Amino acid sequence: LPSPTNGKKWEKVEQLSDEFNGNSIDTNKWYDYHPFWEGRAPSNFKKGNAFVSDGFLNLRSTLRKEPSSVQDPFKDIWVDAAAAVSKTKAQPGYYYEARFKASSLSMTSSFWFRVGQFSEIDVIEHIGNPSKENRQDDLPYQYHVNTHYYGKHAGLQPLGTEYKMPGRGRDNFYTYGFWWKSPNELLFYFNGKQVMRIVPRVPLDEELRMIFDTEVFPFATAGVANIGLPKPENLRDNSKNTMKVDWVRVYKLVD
């Protein structure tokens, strides 16, 4: 963990931390779907595609139906995505870290915060294996952070940055850290080293929910590039279709 500030101690926030080592998801801590959003067409989150087993929260994306069986593969739903959403709220001041290996799909493998009135904080929205071939050289190595603004702050542009990792997200368990240090200062960490900083456009002083999810992007939107639609062949392969979170750990400072 970062050095705690000014004589304070880090204490684990138990309700937001999980080693994911049980036989099934802890329903006290997590929805195994997104209770307020069906997901990003042509994907929709499916209950239980986020499941705990084998030491992981597994966020699996599967084929609902062939893309050739729907009228428009960019819109009609054909991918069953995965989401887990926290039941306890994420707060300013906490440190958050998740150790995960991305899927090998042309979909996100994401760790982020939303379910707010005006703000979103993205720790990482990793594109494990873009089907847009000319992005295969860069996106698999990218750790991209972001902030979004909506509601009373609609119209502000996102504000984020990125870090080039030494290996692909789909090939490695890496530990992505985020200190919500102030409403006006976000610090991001890669394997315990500070690598990025964002000063949000307005103070991020509302509570949010923590999210792990997977999404198809039918085109560039929501701060994510044009990545291409996923391939059925990969969606059918359980060795390629699953983002695996070994653990998430959250801490707060106590006086």
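Numbering starts at 1 and runs along the sequence shown.
Chemist: Please compare 244-252 with 2-10 and name the stretch with the higher mean C-alpha B-factor in the deposited structure.
Modeler: Per the PDB entry, the higher value belongs to 2-10.
Chemist: Please work out which of 51-59 and 198-206 has the higher mean CA B-factor as recorded in the PDB entry.
Modeler: In the deposited entry, the stretch with the higher C-alpha B-factor mean is 51-59.
Chemist: Going by the entry, which of 127, 79, 154, 83 has the most elevated CA B factor?
Modeler: In this record, 154 carries the highest C-alpha B-factor of the candidates.
Chemist: Quick one: which of 177, 166, 158, 73 shows the highest Cα temperature factor in the PDB entry?
Modeler: Result of the comparison over 177, 166, 158, 73: 166.
Chemist: Hey, what third does residue 95 fall into on Cα B-factor, ranked over its chain?
Modeler: Middle third of the chain for residue 95's C-alpha B-factor.
Chemist: Mind checking which third residue 192 falls in for C-alpha B-factor across the chain?
Modeler: Highest third of the chain for residue 192's C-alpha B-factor.
Chemist: Taking the entry's C-alpha B-factors for this chain, is residue 221 in the lowest, middle or highest third?
Modeler: Middle third by C-alpha B-factor.
Chemist: Quick check for you: using the entry's CA B-factors within this chain, is residue 27 in the lowest, middle or highest third?
Modeler: Highest third, going by the recorded CA B-factors of the chain.
Chemist: Going by the entry, which third of its chain does the Cα temperature factor of residue 44 land in?
Modeler: Answer is middle: the recorded C-alpha B-factor places it there.
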